[PDB]
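Fold and contact review
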4 protein chains.
Amino acid sequence: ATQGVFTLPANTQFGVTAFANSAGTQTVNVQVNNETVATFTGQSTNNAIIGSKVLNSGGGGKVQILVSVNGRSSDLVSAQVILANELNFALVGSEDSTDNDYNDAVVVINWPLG
Amino acid sequence: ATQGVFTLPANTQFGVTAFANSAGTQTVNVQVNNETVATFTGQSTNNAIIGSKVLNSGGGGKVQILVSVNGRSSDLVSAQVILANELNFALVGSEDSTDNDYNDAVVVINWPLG
Amino acid sequence: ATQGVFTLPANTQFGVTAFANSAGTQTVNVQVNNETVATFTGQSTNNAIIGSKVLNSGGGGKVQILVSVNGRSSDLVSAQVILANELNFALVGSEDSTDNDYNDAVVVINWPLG
Amino acid sequence: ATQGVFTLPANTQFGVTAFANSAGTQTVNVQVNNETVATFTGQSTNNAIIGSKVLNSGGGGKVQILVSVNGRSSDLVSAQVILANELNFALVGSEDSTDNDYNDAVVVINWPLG
Ligand SMILES: Cc1cc(C)c(S(=O)(=O)NC[C@H]2O[C@@H](C)[C@@H](O)[C@@H](O)[C@@H]2O)c(C)c1
Ligand SMILES: Cc1cc(C)c(S(=O)(=O)NC[C@H]2O[C@@H](C)[C@@H](O)[C@@H](O)[C@@H]2O)c(C)c1
Ligand SMILES: Cc1cc(C)c(S(=O)(=O)NC[C@H]2O[C@@H](C)[C@@H](O)[C@@H](O)[C@@H]2O)c(C)c1
Ligand SMILES: [Ca+2]
Ligand SMILES: [Ca+2]
Ligand SMILES: [Ca+2]
Ligand SMILES: [Ca+2]
Ligand SMILES: [Ca+2]
Ligand SMILES: [Ca+2]
Ligand SMILES: [Ca+2]
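Looking at the method and resolution fields of the entry, one finds X-ray crystallography and 1.65 Å.

Here it is as structure tokens:
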């Protein structure tokens, strides 16, 4: 299945934060309605935050996360969870190798803000 | 129901990250096995990270999040989600007197690391 | 926090299914835009299905689950999870007593159908 | 990633229930510690329940869901969600074609029971 794609409400501010847990340098591309709006690049094996930004979901509300390491696309896993019918988390794990921890880059998208 | 309490595997490194979205200064207390091991204090209305740490779940694996503002306990909501039977997120929202949204402090716990 | 309330897309068919795990007779009321549209009643300590129906979310998309035993409201926990940005589950547990298994009536709402 | 695989606590009773939403006849196989222990077969485009059973997770706790249509494996999506640190849902969607609704067979695993 396609993973790492989420529908947000239109024209909504959201947070995106990426963590790294891999010997590989992670490149996380964030697209809003099919256009790159942020790229986070970093390396950590201890969950360092490699990027955190506030963005807007735009007219179409489409947010997509892609992850690569040295030009190779990582395999993604994702889900969205909603608490109290209002607090939203869109969650991405990614795997750059064979141990299948899916923590090599982790991305958390949260809304609403404010 | 009690919220903000999670059972982790024993002796496991985990990340804890807190974001703020409130006029009130948030105090986030992290307890591991019934002892405070981290306190994040900060304030933002635009999803600033008010703390990010790597902790260990210890012998018992018990992790509890409490949130207060000006000494008053915020109301919590929480859940845990597991992706690919291995990537874990424990999620907490909190609501203070100032804004009736569970985003006033948002806490994300993630494991495994490395 | 209020639990058991979910916003569905408007005018959308959804499934609602309730299971029982309690000595007490469970009553599950399903309300769509603040009107009861189905009630499931039954008793089981072995996860029997006490009702399953297809409903429509109507104009407003508001779906609320209420659980009671002999007129006493149970304590509810809930969340919504979305897979592949398309398959939705709204989940409710309920506790009618003191053991805190939260499974006394369990309700699963799923969409889309077809 | 390998979807539809979940680690349950050992020797635990759990419910498994499957719904169908497809023109194709769905076969759901449930494996506990690498042995098939239940099989549900049916066809519906309106979320009919094609099976529900109570099973035990055994010593290993490994539960796997496979879905096929005329012997062709469907593509799976899955996640596990825990409410109140105690009430567990393991959730599977499946796609038998390319419209990507992931509802063609929907499987819900719940525990604890009783
Ligand atoms: C730069 C580099 C080196 C290596 C060895 C790899 S890898 O082994 O294919 N994967 C990275 C690997 O890093 C470990 C520290 C651990 O976090 C694993 O889960 C992770 O997959 C890569 C990709 C890059
Ligand atoms: C205060 C209270 C309420 C109820 C409903 C009961 S009961 O119905 O007799 N027992 C509910 C109880 O049933 C067990 C078999 C188990 O499933 C529990 O999780 C469930 O709460 C009593 C006795 C008291
Ligand atoms: C590759 C492929 C497989 C299948 C099983 C079919 S089908 O059975 O003719 N149609 C499956 C299809 O049914 C629709 C009513 C809808 O529920 C779809 O989501 C579902 O996938 C085809 C045509 C092709
Ligand atoms: Ca890895
Ligand atoms: Ca890793
Ligand atoms: Ca707020
Ligand atoms: Ca109970
Ligand atoms: Ca019970
Ligand atoms: Ca389909
Ligand atoms: Ca379908």
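Moving on from the model shown.
Another aspect to go through is the overall build of chain A. A count of helices and strands for chain A gives zero helices and eight strands. The secondary structure elements of chain A, listed N-terminal to C-terminal, are β-β-β-β-β-β-β-β. At 13 Å, chain A has a C-alpha radius of gyration in line with the 13 Å of a compact globule built from 114 residues. Expressed along its principal axes, the backbone C-alpha trace of chain A runs to roughly 35 × 30 × 30 Å. Across chain A, the fraction of contacts at a sequence separation of at least 24, relative to all contacts at a separation of at least 6, is 62%.

So, on to the nonpolar core. Side chains of a nonpolar character, in soluble globular proteins, are inclined to be buried together. Formed by 45 residues in total, the largest nonpolar core has its most connected members in A:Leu83, A:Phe89, B:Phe89, B:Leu91, C:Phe89 and D:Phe89. Residues in contact with C:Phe89, not counting those within four places in the same chain, are C:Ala79, C:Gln80, C:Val81, C:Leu83, C:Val108, C:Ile109, C:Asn110, D:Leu91, D:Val92, D:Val106 and D:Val108.

What follows deals with the interface of chain D and chain B. The partner chain B presents 13 residues to the eleven residues of chain D that form the contact. Roughly 900 Å² of surface becomes buried between chain D and chain B when both sides are summed, with 45% attributable to carbon and sulfur atoms. Looking at the side of chain D facing chain B, the largest losses of area belong to D:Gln80, D:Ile82 and D:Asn85, adding up to 52% of the total buried there. Where chain D meets chain B, there are zero salt bridges.

Take the environment of B:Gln43 next. Residues and elements named next belong to chain B. Among the secondary structure elements, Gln43 is positioned in strand β3 (residues 35-56). Separated by 38 residues in the primary sequence, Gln43 and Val5 place their C-alpha atoms 23 Å from one another. In this structure, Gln43 is in contact with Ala20, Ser22, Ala23, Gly24, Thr25 and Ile50, ignoring residues within four places of it in sequence. Engagement of the side chain of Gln43 in a polar contact is seen with the backbone oxygen of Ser22, the distance being 3.0 Å.

This next bit is on the pairing of strand β6 (residues 75-83) of chain C. Of all nine residues making up β6(C), eight are buried, and the element is well covered by its neighbours. By the bridge criterion, three bridges tie strand β6 (residues 75-83) of chain A to β6(C) in an arrangement that is antiparallel. The partner of A:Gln80 across the bridge, within β6(C), is C:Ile82. The hairpin formed by β6(C) and strand β7 (residues 87-95) of chain C contains three residues between the paired strands, and C:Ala84 there has a positive phi angle of roughly 55 degrees.

Looking now at the coordination of the calcium ion (ligand 4). Residues and elements named next belong to chain A. Taken together, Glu95 (OE), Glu95 (OE), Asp99 (OD), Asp101 (OD), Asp104 (OD) and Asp104 (OD) make up the protein donors of the calcium ion (ligand 4), found 2.4 to 2.6 Å from the metal. As a motif over one chain, the donors of the calcium ion (ligand 4) read E-x3-D-x1-D-x2-D. Here the calcium ion (ligand 4) and the calcium ion (ligand 5) are spaced 3.8 Å apart, and both take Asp101 as a donor.

You can overlay chain C on chain D at an RMSD of 0.2 Å; the transform is a turn of 180 degrees with a shift of 0.1 Å along its axis. What we have between these two chains is a two-fold relation. When the interface residues of chain C are mapped onto chain D, 100% of them are again interface residues, pointing to one common binding face.

The interface of chain C with chain D comprises 32 residues on the first partner and 32 residues on the second. Around 2,500 Å² of area is buried between chain C and chain D when both sides are counted, 67% of it from carbon and sulfur atoms. Here chain C and chain D share zero salt bridges between them. Across the chain C-chain D interface, the total number found is eight residue pairs in polar contact. Those elements giving two or more residues to the side of chain C that touches chain D turn out to be β2 (13-32), β3 (35-56), β6, β7 and β8 (105-111) of chain C.

It takes a turn of 179 degrees to lay chain D on chain B, together with a shift of 0.2 Å along the axis; the resulting RMSD is 0.8 Å. Mapped onto chain B, 100% of the interface residues of chain D again fall at the interface, so both copies present the same surface.

Let's shift gears to the pairing of strand β7 (residues 87-95) of chain A. Residue and element names in this part refer to chain A. Counting buried positions over the nine residues of β7 gives nine, a clear majority of the element. In terms of strand pairing, β6 meets β7 through nine bridges, oriented antiparallel. Bridging from a neighbouring strand, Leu76 pairs with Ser94 of β7.

Residue and element names in this part refer to chain C. The protein atoms that coordinate the calcium ion (ligand 7) are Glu95 (OE), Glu95 (OE), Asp99 (OD), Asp101 (OD), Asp104 (OD) and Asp104 (OD), at distances spanning 2.4 to 2.6 Å. Sequence positions of the residues that donate to the calcium ion (ligand 7) give the spacing E-x3-D-x1-D-x2-D. Between the calcium ion (ligand 7) and the calcium ion (ligand 8), both coordinated by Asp101, there is a metal-metal distance of 3.7 Å.

Here we take up the UniProt feature "binding site: Ca(2+) 2" (unreviewed entry) in chain A. When the UniProt feature table is mapped onto this chain numbering, "binding site: Ca(2+) 2" (unreviewed entry) sits at A:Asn21, A:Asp101, A:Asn103, A:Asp104 and A:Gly114. Judged by maximum C-alpha separation, these annotated positions cover 94 residues in sequence and are scattered in space, the widest gap reaching 33.1 Å. One can find A:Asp101 in the loop between β7 and β8 (105-111). Overall, A:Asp101 belongs to the buried group, its relative accessible area being 13%. The residues touching A:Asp101, leaving out its near neighbours within four places in the chain, are A:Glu95, B:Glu86, B:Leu87, B:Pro112 and B:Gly114. Inspection of the secondary structure puts A:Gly114 in the segment after β8.

Residues and elements named next belong to chain C. What surrounds ligand 2 is a group of 13 residues, the closest being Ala23, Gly24, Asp96, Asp99 and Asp101. The contact in question runs from an oxygen atom of ligand 2 to an N or O atom on the backbone of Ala23, over 3.0 Å. Contacts to ligand 2 include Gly24, whose backbone N or O atom sits 2.9 Å from an oxygen atom. Ranked by residue count, the leading element in the shell around ligand 2 is β2, at four residues.

About the thresholds
- Residues numbered from 1 in each chain as written, not as in the entry; some residues may be left out.
- Chains lettered and ligands numbered in written order.
- Heavy atoms only, no water.
- Residues with missing side-chain atoms left out of burial classes, pairs and counts.
- Helix = DSSP H or I, 4+ residues; strand = E, 2+ residues; numbered from the N terminus.
- Rg over C-alpha atoms; globule rule 2.2 N^0.38 Å.
- Contact = heavy atoms within 4.5 Å.
- Core = buried A, V, L, I, M, F, W, Y, C linked by side-chain atoms within 4.5 Å.
- Buried < 20%, exposed > 50% of the residue type's maximum accessible area, 1.4 Å probe, protein only.
- Buried area = accessible area lost by both parts, 1.4 Å probe.
- Salt bridge = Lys/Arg side-chain N within 4 Å of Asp/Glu carboxyl O.
- Polar contact = N/O pair within 3.5 Å; in protein donor to acceptor, adjacent residues only side chain to side chain.
- Pairing = 2+ DSSP bridges.
- Donors = N, O, S within 2.8 Å, 3.2 Å for Na, K, Ca; no water.
- Least-squares fit on C-alpha atoms.
- UniProt positions renumbered as here; feature names shortened; annotations may be inferred.
- Near = heavy atom within 4 Å.

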